[PDB]
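To keep things clear, I will list the structure first and then write my remarks on it.
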Amino acid sequence: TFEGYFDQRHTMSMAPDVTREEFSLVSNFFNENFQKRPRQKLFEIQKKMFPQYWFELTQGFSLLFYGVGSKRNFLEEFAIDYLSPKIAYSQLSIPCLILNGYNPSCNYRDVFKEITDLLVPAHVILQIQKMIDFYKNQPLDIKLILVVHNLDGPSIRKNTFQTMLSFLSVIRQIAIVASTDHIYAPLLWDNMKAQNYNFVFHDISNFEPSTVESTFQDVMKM
Amino acid sequence: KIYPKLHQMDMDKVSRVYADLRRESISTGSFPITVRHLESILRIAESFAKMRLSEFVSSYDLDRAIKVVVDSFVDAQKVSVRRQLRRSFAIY
Amino acid sequence: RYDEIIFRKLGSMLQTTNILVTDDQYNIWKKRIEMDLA
Amino acid sequence: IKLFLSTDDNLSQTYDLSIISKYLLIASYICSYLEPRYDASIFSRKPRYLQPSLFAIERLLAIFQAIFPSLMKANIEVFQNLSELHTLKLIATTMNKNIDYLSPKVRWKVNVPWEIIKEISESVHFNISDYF
């Protein structure tokens, strides 16, 4: 409750120091041994939503994955094993673009180069404006699948990067899948972006450990 | 000449009002709402009955009694809390 | 029950919508009257 | 006569805002002008000429929940309206370059004067004037 907010010399050296290599030991063993089956059982049950996710994607609704736990592996299985093969073998091999947001070295201009090559037949926003006018006359057929891990990533949180991704969902021939971890993530989007994103929300909390994202920030600083 | 008598028909009406007032004063700087404050409701009901020269404390007399007593506790509160108890006791 | 809870939490359309009477409740209503019907 | 009685140098319901939007702005002005000392004294059941001070996002949500007409909670719409006000520039942040909302060091302040908020509360029937 809100009333719980208004109603509110030790040092870490007093704790036993643990080396970086020792830290990875305990984490790896327990991430596999502890809560192994129930999380796998939940994952297998959650696979039953693939037809609904696949149906929603075709209608033009972006899918946002949120909840406690890592979501990198879940997005990998959905797009590669279920989404991409089914579209090709039902519309008649669809390329899938994977963007990592947990890496702070990501650059938006480098990402846009792939988009131009994969979709545009041979000032980023001006090029995007040309694409919208092009795909209006194009048939409503899914051509490229876009997955954006960590849409709250440190290099992705920035307003300029957010604007670039938001304009892409206007074109119906692109499929967008995104995941977030920050609690105040919806604050990053106003009406102008939420309308463009056209999200359909799913709470996919799985308590999956974030080993991959933990690599880019050192625990020894703590 | 007039000494109105009582019948325990509206016991639920008064008792729950007494409990409600006590609950809202458990953590708010306000009147010392105690047993002596409940007695005012009954005695002030007697006055209303004794205004009609009736010998019986009717349901209506307690209705005037409860409204006067409860409103006093609501009015003597801070602004930020007064508007909330305004609606919490709308039954009375 | 657990599957209904997880389906409701996940927002899946597989979970039934409670606008009609449930199958168990209507079955009980039918049977309690059929047993006294003949 | 009416030409001279007004300068008419002005360029011309002044701000179309949702119900969630109106309470969001009302709560913020309290944060920007009331000391943190008085948060518990007034709202818990236990300067008009100065420039506004900064405040944290947690202070805004707590006060917004405290005065909203049982709890309101913070769904996507509440944050959706809050971000729009920043886009509408009725609330300012402590940065100018490479805006990142989720960075913890950024603070918030009110960009709306007293006179506008006066009329907002009237359509809300919230008596702000008694809190000072």
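Ligands are numbered from 1 in the order shown, chains are lettered A, B, ... in the order of the structure tokens, and residues start at 1 in each chain.
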Which residues come within 12 Å of residue 208 of chain A, counting only C-alpha atoms, excluding same-chain residues fewer than 5 positions away, as a PDB file with C-alpha atoms, in the first residue's frame?
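out-v9.pdb, written as the output of this step:
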```
ATOM      1  CA  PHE A  30      21.904 -24.508  -8.733  1.00  0.00           C
ATOM      2  CA  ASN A  31      20.498 -22.986 -11.931  1.00  0.00           C
ATOM      3  CA  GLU A  32      20.313 -26.543 -13.306  1.00  0.00           C
ATOM      4  CA  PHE A  34      17.306 -26.537  -8.300  1.00  0.00           C
ATOM      5  CA  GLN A  35      13.733 -26.070  -9.569  1.00  0.00           C
ATOM      6  CA  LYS A  36      14.573 -28.115 -12.665  1.00  0.00           C
ATOM      7  CA  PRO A  38       8.649 -27.574 -12.392  1.00  0.00           C
ATOM      8  CA  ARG A  39      10.127 -24.824 -14.572  1.00  0.00           C
ATOM      9  CA  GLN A  40      10.459 -27.266 -17.478  1.00  0.00           C
ATOM     10  CA  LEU A  42       5.695 -24.810 -16.935  1.00  0.00           C
ATOM     11  CA  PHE A  43       7.678 -24.211 -20.129  1.00  0.00           C
ATOM     12  CA  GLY A  67       7.774 -11.200 -16.204  1.00  0.00           C
ATOM     13  CA  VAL A  68      10.342 -12.401 -13.706  1.00  0.00           C
ATOM     14  CA  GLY A  69      13.149 -14.460 -15.204  1.00  0.00           C
ATOM     15  CA  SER A  70      15.200 -14.611 -18.379  1.00  0.00           C
ATOM     16  CA  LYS A  71      13.276 -14.737 -21.661  1.00  0.00           C
ATOM     17  CA  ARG A  72      16.057 -15.209 -24.235  1.00  0.00           C
ATOM     18  CA  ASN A  73      15.586 -18.966 -24.643  1.00  0.00           C
ATOM     19  CA  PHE A  74      11.785 -18.761 -24.885  1.00  0.00           C
ATOM     20  CA  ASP A 181      12.575  -6.806 -17.619  1.00  0.00           C
ATOM     21  CA  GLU A 213      22.825 -10.949 -19.496  1.00  0.00           C
TER      22      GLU A 213
END
```
field: Residues within 9 Å of segment 9-26 of chain B, only C-alpha atoms, excluding chain neighbours under 3 positions, as a list in words
entry: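 Those residues are residues 6, 29, 30, 31, 32, 33, 34, 35, 37, 38, 41, 42, 58, 59, 62, 66, 70, 73, 85, 89 and 92 of chain B; 46 of chain D.
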Counting only C-alpha atoms, which residues of chain B fall within 8 Å of chain D, and what is the closest atom pair for each with its distance in Å at one decimal, ordered by chain and rising number, as a tab-separated table?
```
residue	atom	partner	partner_atom	distance
B:27	CA	D:46	CA	5.1
B:28	CA	D:46	CA	5.6
B:29	CA	D:46	CA	7.8
B:79	CA	D:130	CA	7.2
B:80	CA	D:43	CA	6.3
B:81	CA	D:45	CA	7.3
```
Store the residues picked out above, limited to C-alpha atoms, as a tab-separated table (two decimals), in the first residue's frame.
```
chain	number	residue	atom	x	y	z
B	27	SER	CA	-4.93	5.58	14.48
B	28	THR	CA	-6.16	9.17	13.97
B	29	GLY	CA	-5.68	12.12	16.29
B	79	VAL	CA	-8.80	17.94	5.69
B	80	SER	CA	-7.01	15.01	4.03
B	81	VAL	CA	-8.95	12.48	6.13
```
- request: Please identify which residues in segment 43-205 of chain A DSSP calls alpha helix (DSSP H) from the backbone, and express them as a PyMOL selection string.
  value: chain A and resi 43-46+50-59+72-76+84-91+108-119+124-137+159-168+191-197
Chain A near chain C within 8 Å: what's each residue's closest atom pair and its distance in Å to one decimal, counting only C-alpha atoms, ordered by chain then ascending residue number, as a Markdown table?
```
| residue | atom | partner | partner_atom | distance |
| --- | --- | --- | --- | --- |
| A:49 | CA | C:12 | CA | 7.2 |
| A:202 | CA | C:10 | CA | 6.4 |
| A:203 | CA | C:10 | CA | 5.9 |
| A:204 | CA | C:10 | CA | 7.2 |
```
- request: Determine which residues of chain D sit within 12 Å of chain A, taking into account only C-alpha atoms, and present them as a PyMOL selection string.
  value: chain D and resi 36-46+57-68+70-88+96-104
query: Quick one: distance from atom CA of residue 82 of chain A to atom CA of residue 54 of chain A in Å, one decimal?
result: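 If I compute the distance from atom CA of residue 82 of chain A to atom CA of residue 54 of chain A, I get 8.5 Å.
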message: Just to confirm, what's the straight-line distance from atom CA of residue 21 of chain A to atom CA of residue 33 of chain A in Å (one decimal)?
response: 19.2 Å
message: List as an NGL selection string the protein and nucleic acid residues near residue 58 of chain A, meaning an atom at most 12 Å away when only C-alpha atoms are counted, but skip any in the same chain fewer than 2 places from it.
response: :A and (51-56 or 60-63 or 83-84 or 86-87 or 90-91 or 140-143 or 145 or 172-176)
Store the residues of this selection in a file with N, CA, C and O atoms, as a compact mmCIF listing (two decimals), in the first residue's frame.
```
# COMPACT_ATOMS: atom_id res chain seq x y z
N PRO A 51 -0.01 -21.48 -31.19
CA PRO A 51 -1.03 -21.12 -32.19
C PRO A 51 -1.66 -19.75 -31.95
O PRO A 51 -1.94 -19.03 -32.91
N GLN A 52 -1.88 -19.38 -30.69
CA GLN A 52 -2.45 -18.07 -30.40
C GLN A 52 -1.45 -16.96 -30.70
O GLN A 52 -1.81 -15.91 -31.25
N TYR A 53 -0.19 -17.17 -30.33
CA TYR A 53 0.86 -16.21 -30.69
C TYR A 53 1.00 -16.11 -32.20
O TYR A 53 1.11 -15.01 -32.75
N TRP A 54 0.99 -17.25 -32.89
CA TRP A 54 1.09 -17.25 -34.34
C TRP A 54 -0.11 -16.56 -34.98
O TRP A 54 0.03 -15.83 -35.96
N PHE A 55 -1.31 -16.79 -34.42
CA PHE A 55 -2.50 -16.13 -34.93
C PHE A 55 -2.41 -14.62 -34.72
O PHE A 55 -2.68 -13.83 -35.64
N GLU A 56 -2.01 -14.20 -33.52
CA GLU A 56 -1.93 -12.77 -33.22
C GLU A 56 -0.90 -12.07 -34.10
O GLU A 56 -1.13 -10.94 -34.54
N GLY A 60 -1.36 -8.70 -37.17
CA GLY A 60 -0.66 -7.45 -37.05
C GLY A 60 -0.46 -6.93 -35.64
O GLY A 60 -0.38 -5.71 -35.46
N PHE A 61 -0.38 -7.81 -34.65
CA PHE A 61 -0.23 -7.42 -33.25
C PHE A 61 1.15 -7.84 -32.76
O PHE A 61 1.49 -9.03 -32.79
N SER A 62 1.94 -6.87 -32.31
CA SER A 62 3.24 -7.18 -31.73
C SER A 62 3.07 -7.88 -30.39
O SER A 62 2.12 -7.62 -29.65
N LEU A 63 4.00 -8.78 -30.08
CA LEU A 63 3.96 -9.56 -28.85
C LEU A 63 5.06 -9.08 -27.93
O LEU A 63 6.24 -9.05 -28.31
N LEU A 83 7.59 -20.41 -35.42
CA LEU A 83 7.05 -19.30 -36.19
C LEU A 83 7.54 -19.32 -37.63
O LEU A 83 6.74 -19.38 -38.57
N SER A 84 8.86 -19.27 -37.83
CA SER A 84 9.41 -19.17 -39.18
C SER A 84 9.06 -20.36 -40.07
O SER A 84 8.66 -20.13 -41.22
N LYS A 86 6.51 -22.44 -40.01
CA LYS A 86 5.08 -22.58 -40.28
C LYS A 86 4.59 -21.57 -41.31
O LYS A 86 3.75 -21.90 -42.15
N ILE A 87 5.10 -20.34 -41.25
CA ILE A 87 4.66 -19.31 -42.20
C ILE A 87 5.03 -19.70 -43.62
O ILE A 87 4.22 -19.62 -44.55
N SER A 90 3.01 -22.60 -44.92
CA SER A 90 1.58 -22.33 -45.02
C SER A 90 1.24 -21.20 -45.98
O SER A 90 0.14 -21.21 -46.54
N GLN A 91 2.12 -20.22 -46.19
CA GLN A 91 1.86 -19.16 -47.15
C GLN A 91 2.00 -19.66 -48.59
O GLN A 91 1.28 -19.19 -49.48
N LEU A 140 0.12 -8.29 -48.31
CA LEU A 140 0.28 -8.42 -46.87
C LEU A 140 0.84 -9.79 -46.51
O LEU A 140 0.14 -10.63 -45.93
N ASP A 141 2.10 -10.03 -46.86
CA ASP A 141 2.78 -11.29 -46.62
C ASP A 141 3.98 -11.06 -45.72
O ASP A 141 4.79 -10.16 -45.98
N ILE A 142 4.10 -11.87 -44.66
CA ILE A 142 5.21 -11.73 -43.73
C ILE A 142 6.51 -12.10 -44.44
O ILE A 142 6.62 -13.18 -45.04
N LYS A 143 7.50 -11.22 -44.36
CA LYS A 143 8.77 -11.40 -45.04
C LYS A 143 9.96 -11.53 -44.10
O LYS A 143 10.84 -12.35 -44.35
N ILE A 145 11.14 -11.68 -39.84
CA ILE A 145 10.75 -11.81 -38.44
C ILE A 145 11.81 -11.11 -37.59
O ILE A 145 13.00 -11.41 -37.69
N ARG A 172 3.16 -3.78 -42.15
CA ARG A 172 2.56 -5.04 -41.71
C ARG A 172 3.39 -6.26 -42.11
O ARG A 172 3.17 -7.34 -41.56
N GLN A 173 4.32 -6.11 -43.05
CA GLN A 173 5.10 -7.25 -43.52
C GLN A 173 6.26 -7.60 -42.59
O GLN A 173 7.09 -8.44 -42.97
N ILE A 174 6.35 -6.99 -41.42
CA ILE A 174 7.41 -7.27 -40.45
C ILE A 174 6.77 -7.77 -39.16
O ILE A 174 5.81 -7.16 -38.67
N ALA A 175 7.30 -8.86 -38.62
CA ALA A 175 6.84 -9.41 -37.36
C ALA A 175 7.80 -9.01 -36.25
O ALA A 175 9.02 -9.18 -36.39
N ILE A 176 7.27 -8.49 -35.15
CA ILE A 176 8.07 -7.96 -34.06
C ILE A 176 7.76 -8.74 -32.78
O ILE A 176 6.60 -8.85 -32.38
```
statement: re atom CA of residue 98 of chain A and atom CA of residue 148 of chain A: distance 6.3 Å
message: Please list as a ChimeraX atom specification every residue within 12 Å of residue 134 of chain A, counting only C-alpha atoms and excluding residues in the same chain fewer than 2 positions away.
response: /A:119-121,127-132,136-140,171-173
Using the selection just defined, write its residues with N, CA, C and O atoms as a short mmCIF file (atom, residue, chain, number, x, y, z; two decimals), in the first residue's frame.
```
data_model
loop_
_atom_site.label_atom_id
_atom_site.label_comp_id
_atom_site.auth_asym_id
_atom_site.auth_seq_id
_atom_site.Cartn_x
_atom_site.Cartn_y
_atom_site.Cartn_z
N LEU A 119 15.20 -5.87 -46.75
CA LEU A 119 13.85 -5.46 -47.11
C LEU A 119 13.79 -4.41 -48.21
O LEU A 119 12.80 -4.40 -48.96
N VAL A 120 14.78 -3.54 -48.33
CA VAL A 120 14.73 -2.41 -49.26
C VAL A 120 15.43 -2.82 -50.54
O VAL A 120 16.64 -3.09 -50.53
N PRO A 121 14.73 -2.90 -51.67
CA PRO A 121 15.40 -3.14 -52.95
C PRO A 121 16.22 -1.93 -53.39
O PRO A 121 15.66 -0.85 -53.62
N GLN A 127 14.62 7.09 -44.66
CA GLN A 127 14.58 5.80 -45.34
C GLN A 127 13.39 4.97 -44.89
O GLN A 127 12.77 4.26 -45.70
N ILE A 128 13.05 5.03 -43.60
CA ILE A 128 11.89 4.30 -43.09
C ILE A 128 10.61 4.82 -43.72
O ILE A 128 9.68 4.05 -44.01
N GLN A 129 10.53 6.13 -43.94
CA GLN A 129 9.36 6.70 -44.61
C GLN A 129 9.19 6.14 -46.01
O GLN A 129 8.07 5.88 -46.45
N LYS A 130 10.30 5.94 -46.72
CA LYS A 130 10.24 5.35 -48.05
C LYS A 130 9.71 3.92 -48.00
O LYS A 130 8.94 3.50 -48.87
N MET A 131 10.11 3.16 -46.98
CA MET A 131 9.67 1.78 -46.86
C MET A 131 8.16 1.69 -46.67
O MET A 131 7.50 0.82 -47.25
N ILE A 132 7.59 2.59 -45.86
CA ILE A 132 6.15 2.56 -45.60
C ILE A 132 5.38 2.77 -46.89
O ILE A 132 4.41 2.05 -47.18
N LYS A 136 2.94 -0.36 -48.78
CA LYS A 136 1.50 -0.15 -48.91
C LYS A 136 0.93 -0.96 -50.06
O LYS A 136 -0.11 -1.61 -49.92
N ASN A 137 1.60 -0.92 -51.22
CA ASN A 137 1.14 -1.66 -52.39
C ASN A 137 1.58 -3.11 -52.38
O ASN A 137 1.03 -3.92 -53.13
N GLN A 138 2.56 -3.47 -51.54
CA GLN A 138 3.00 -4.85 -51.45
C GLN A 138 1.91 -5.71 -50.82
O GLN A 138 1.12 -5.23 -50.00
N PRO A 139 1.83 -6.98 -51.20
CA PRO A 139 0.85 -7.87 -50.57
C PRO A 139 1.18 -8.10 -49.10
O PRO A 139 2.34 -8.10 -48.69
N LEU A 140 0.12 -8.29 -48.31
CA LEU A 140 0.28 -8.42 -46.87
C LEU A 140 0.84 -9.79 -46.51
O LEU A 140 0.14 -10.63 -45.93
N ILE A 171 4.65 -1.00 -40.80
CA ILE A 171 4.65 -1.87 -41.97
C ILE A 171 4.21 -3.26 -41.52
O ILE A 171 4.80 -3.85 -40.61
N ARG A 172 3.16 -3.78 -42.15
CA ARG A 172 2.56 -5.04 -41.71
C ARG A 172 3.39 -6.26 -42.11
O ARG A 172 3.17 -7.34 -41.56
N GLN A 173 4.32 -6.11 -43.05
CA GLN A 173 5.10 -7.25 -43.52
C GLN A 173 6.26 -7.60 -42.59
O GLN A 173 7.09 -8.44 -42.97
#
```
